[PDB]
Each structure stands twice: as structure tokens, then as C-alpha cells.
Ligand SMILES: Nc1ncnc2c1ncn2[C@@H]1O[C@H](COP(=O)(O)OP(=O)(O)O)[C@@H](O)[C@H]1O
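One chain comes next, on its own, written out as C-alpha cells in the form deposited without this ligand.
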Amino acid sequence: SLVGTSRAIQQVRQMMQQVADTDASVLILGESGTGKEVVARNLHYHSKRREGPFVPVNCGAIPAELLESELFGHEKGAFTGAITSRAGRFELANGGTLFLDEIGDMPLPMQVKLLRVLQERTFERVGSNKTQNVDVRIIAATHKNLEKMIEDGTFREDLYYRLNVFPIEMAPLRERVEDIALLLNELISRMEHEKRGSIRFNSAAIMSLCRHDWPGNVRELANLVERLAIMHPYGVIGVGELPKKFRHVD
């Protein structure tokens, strides 16, 4: 499901194939919108976990004071609000894949607790004495510079080497503009299959888009396709049908 001819994307496909059917921890690195969660889900369905659960954890969205409960579960009465006993993300991911979205935003207290769980392959729910087994395949993703964070003392070096066994780097769209035509075909095909609209781009428009910086990378490209299908339904998109900020000629 990863479209393109660039050396970068070919490399990524080759690396995914190498690691997918192992249980090795994968760290996917790349700017927002470069397809890291797509890569994680693809890996999962081509792994030994492919018949098991795929469980995301958005490390920087969950309140720091609640993340321990979210990851590890809690027993009734463990804290204010805990009036039921509930399984956490690790328990839910057992026999499957645990996907750690933006691992660089995980608080230090949880970084160390995660590492112990990776080492011991056991955990306790918050408020519980019961040591439970876990068997999860780890996939993590980040757009941050974890090496700098280690230097800054905001990320744990021992966790880093445990997670970063098989790194996969996703190049930004601006470094692989040769794939834009193929990406657009796929985006347009999806839209048409789902009966949400139809457009196509002429070569001048494609040339213009290949000169855009794409701060939001492929997600930004997808957003443009959606928008154009409203502005010019069933239209052929030339340079003049592009929003001004996407027009790059000379």
C-alpha cells in the first residue's frame, strides 16, 4: 500500500519485508504525514501478530497523570475515579501489536515503567499486586530527535536502545517528489472507489506540486485532493485550478 518509484520508498518496502514477520521492536521515524501509522499497520498485517489485535497508544495525547492507568490498567479504587477494574493497552494488545504513537512525548516516569515491562515481560495493573504476563510485538513512531532528547535528559537511553532495534526512516514528501503522480493516482482512486468525488491533474499541475514544500507531507497532499474534488468536481486540475500557495512556475 506504499506507492512510488523513489529509491527511498523502495528501501522502506525492502526493510518492512525484512522485519515484519519477526517480533523485533520497530522504530519508525519521520515527519508528520509521512505514513508512519500506515507503515505500522502494514507491518502488523504482515507479521506473526497478523491475526491478533493492533492497539494504538497516543503517548502525547493521554494526560500524563492517566497514562499509567491507560497502559497498564487499574483495579477498582486505585485512584479518584476508578470505580471499575479495567484492562489497559498492554493487556489489550496481548498476542498482537502495541503501536506507540509519538514515543518521544511519553513522560519519563512512564518511559522507565515501559522499559521494565519490555525487560521482564510482566506488568501489574495500577493498584494491583497481581503480576500479569504480556506478549506484545512493539512498533513505535516519532517525528522527534530522540538522540537530542537523550542529551537533554528528556528521553531514556536504555529505552531508546531497546526500542530502536530496527529503525525505518520515512523521507519527507519534498525529498521524493518523483512519487507525487503515483501518490495522486492512489489518492484519487480511493476517493472514486468510495464515491466521494473525482478529479485528475494535468502535467503542468503535477510539475507545480513537485515544487511545493509539503509541510504536512502526504496527509497534506491527500487534503488537497479532497478539497479540489469540491472546488472542481469531476474537473481536470491545471495550474490555474490549484490554490495560489501550490502554484510554482518558472
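Heads up: residue numbers just count along the shown sequence, starting at 1.
Checked against the record, the higher mean CA B factor of 74 to 82 and 89 to 97 lies with 74 to 82. When the mean C-alpha temperature factors of 113 to 121 and 175 to 183 are read from the deposited coordinates, 113 to 121 comes out higher.
As recorded in the PDB entry, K148 shows the highest C-alpha B-factor of the residues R137, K148, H143, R162. When all modelled residues of the chain are sorted by CA temperature factor, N217 is found within the lowest third. Residue-level temperature factors show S69 in the highest third of its chain, judged at the C-alpha atom. Ranked within its chain, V57 lands in the highest third, by CA B factor from the PDB record. Per-chain ranking of the deposited C-alpha B factor places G35 in the middle third. The entry lists a Cα temperature factor for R50 that places it in the middle third of the chain's modelled residues.
Another form, the form deposited with this ligand bound, is not on view; read the next lines as being about it.
Looking at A8, you'd find every heavy atom of it more than 4.5 angstroms from this ligand in the entry with it bound. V57 falls outside the set of residues with a heavy atom inside 4.5 Å of this ligand in the entry with it bound. A residue is said to contact a partner when one of its heavy atoms sits within 4.5 Å of a partner heavy atom; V38 meets this definition for this ligand in the entry with it bound. This ligand in the entry with it bound is approached by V218, whose closest heavy atom lies within 4.5 angstroms of it. Though this ligand is absent from this view, in the entry with it bound it lies within 4.5 Å of a heavy atom of just one residue from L27, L183, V225, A205, which is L183.
A heavy atom within 4.5 Å of this ligand in the entry with it bound is found for exactly one of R89, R137, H74, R176: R176. Listed stretches are 206 to 214, 184 to 192, 63 to 71, 49 to 57; the contact stretch with this ligand in the entry with it bound is 184 to 192, by a heavy atom cutoff of 4.5 Å.
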